[PDB]
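Here we start with a single chain on its own, the form deposited in one PDB entry, put down as structure tokens.
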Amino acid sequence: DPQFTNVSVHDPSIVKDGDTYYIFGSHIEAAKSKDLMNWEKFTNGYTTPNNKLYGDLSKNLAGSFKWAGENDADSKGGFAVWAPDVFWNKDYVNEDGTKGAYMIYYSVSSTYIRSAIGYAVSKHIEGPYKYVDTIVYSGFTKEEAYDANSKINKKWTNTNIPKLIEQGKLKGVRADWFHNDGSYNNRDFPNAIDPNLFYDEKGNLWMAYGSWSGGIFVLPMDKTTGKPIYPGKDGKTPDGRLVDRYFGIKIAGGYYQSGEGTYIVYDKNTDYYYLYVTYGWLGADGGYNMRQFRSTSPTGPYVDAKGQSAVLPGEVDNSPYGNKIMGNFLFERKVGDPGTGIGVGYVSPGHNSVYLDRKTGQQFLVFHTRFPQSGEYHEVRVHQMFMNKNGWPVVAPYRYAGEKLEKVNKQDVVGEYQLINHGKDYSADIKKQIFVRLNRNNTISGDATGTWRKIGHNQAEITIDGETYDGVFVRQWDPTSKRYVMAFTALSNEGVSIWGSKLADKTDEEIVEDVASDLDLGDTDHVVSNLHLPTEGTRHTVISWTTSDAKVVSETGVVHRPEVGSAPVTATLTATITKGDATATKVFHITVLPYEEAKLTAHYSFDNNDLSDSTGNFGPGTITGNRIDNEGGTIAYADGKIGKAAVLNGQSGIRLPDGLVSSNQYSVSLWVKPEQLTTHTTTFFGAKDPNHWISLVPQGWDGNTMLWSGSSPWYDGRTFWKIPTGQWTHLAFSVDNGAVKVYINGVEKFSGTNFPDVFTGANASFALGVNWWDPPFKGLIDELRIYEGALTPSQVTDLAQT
């Protein structure tokens, strides 16, 4: 019913310009909306010149790129313009003397510590923006020094620090900024990225910034020029926090611990400054999670609901600190729950901004998030926030769909809820719901016990297992059942957040009936893998299974595929579905298909002195340079094992089509002739992205040939066999839902199980000879064969001989 239009803007910074909401994010992406639900992108990313925001990107921001962010270190091959903040400065004096401009403060970065913050200005919010200055630097060193893949001198004299000492704004370099070896002290001093510009109660302007390293700092800003008013002298705050002559006042983080994307909001209605920051790492494996603090002053001390400091006492785990207002979660659609799909959940939600409406007092949390089973794909989400009785804004459980706080009747509150508790810990783990009832007698029962009260129109007080959470009841759009449902969100003085979502009233017999209808094992006529047989349905409905022929498929859905040539073997599985005293039954006819020879899906023979695929299923391959992503190198062609083969000079590689392997049953075969061995150098390499990869390695860390996988988990399939240079070796491996075999010249050399499932659901990047870390292969590659299914040992031998 409400309708959404989504965009991919990383690190969104929200700002209202008249009737339009805009968001500016990393990689020069921005978008606009009139309602916060339908977004439309108006930028063109890093495209240059005629860059939507910056015009001629390289020349406009050259002053910043001189220090980092342009084809240098981790930005080699392109640009790194990160996490901007945009706002209207009515006092800014333009270069023609007029007053008022939109300022975009951006960041540029080359390494985890060599970065800078600069800013550009414009008369209109869509740009283009013209460079003004580069104002904060990090990652500089005491004496001349350079980073890998970098020609830029990191000595502190190449920053604005000399100019400041000259003007008398600083007395001179701080000794504490460098380690004994002259390296940048990022244990105490910050990484200069992720800026946030905010006004305090008096209309003074401030800039908070930081990301990991020494943590988050805040500087007063000159409203006329937009330049920091550097403290000029070191010190401590009354309460003991670091003050630095240059970087400013420390308000959160420290000691290398996570924490970026600072956003600070002054709320005149409670007289607090609210500090938001994101812990963990942005990737789907990183446990990105939003944290909330508050202060009576713009420069701290910021504390959480437990009254603990945002600034860490030392190199410790930062999980206890900050109200964790959102992490990984899933309102799982269990069997029999209305709707389709796995339910609504987020993975690594974070780097937020906040829109606070000076008029209606309405508040919105704006951020990007990944999604369960979607990989690194991200979208923007907007959740409304509501001020609780303790002066803490609490986050709505569902994305904003137009709702507002209303008078709520007890009749509309009472009933069964799904309940998610965000806790304090964070990781790749995903929090799922439990089931509780808010009863008419103001008790809570079910998967937890306690009480609830509705106070006034809609404030909530929920007490579970000892803990009192305070928030609001509010009606929200559930995308799964596709109804507006009663919901609640509340926060304890432990800084812990609970979310509740009300379920439809249903008798036990209605539930069991719903479960029976929704229960489905998928296509049971062509079963080639074990079946997952659910033993639970929604609201703790129990499901129990039996077989009519366990020789075919067990009670647990373990299947026994017959001998190649046999007929398909069939059998019946029966489900018994109970809840209370209701019961139902469903039966499933399973047909298990026999084993089969693996099917050739691609064949790169190089027989025509090209990078083409012989079966014609897949496109040609393309030439690479030193790694899988870049280009430049060359592929020559010599006489091979079968015909012509491909030559790798040691500075090139071969990129193969995306989704070459797109399942969990597959095999690869190829001939190699190595001219030289180097450890961790790949031949066949495939990765869903630089974090989930498989590599066939001629010489591995044990000094032997092996199949290897990373980066989570790590599988070491080793053969204890050393590959000879100057000679032809045939290599093949097979993967089969967990088990894996590796073959050297037709001989099995490794059998293991529990091999990763790198390629299902994704559509991975594949290469020959090059990855992201290691020296390319040097020698000859021939007859790359790709299969669906596991190669029989018989097929292995044939390839190894003819």
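Residues carry their position along the shown sequence, with the first being 1.
Although not depicted, the form deposited in another entry is the subject of the following passage.
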| query | finding |
| --- | --- |
| Hinge assignment for the rigid-body change between this form and the one not shown, options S517, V121, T546, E596 | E596 |
| Relative Cα spacing, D689 and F367, in the other entry - shift of 3 Å or more | farther |
| Pair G286/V661, Cα separation in the other entry versus the displayed form, closer or farther by 3 angstroms or more | farther |
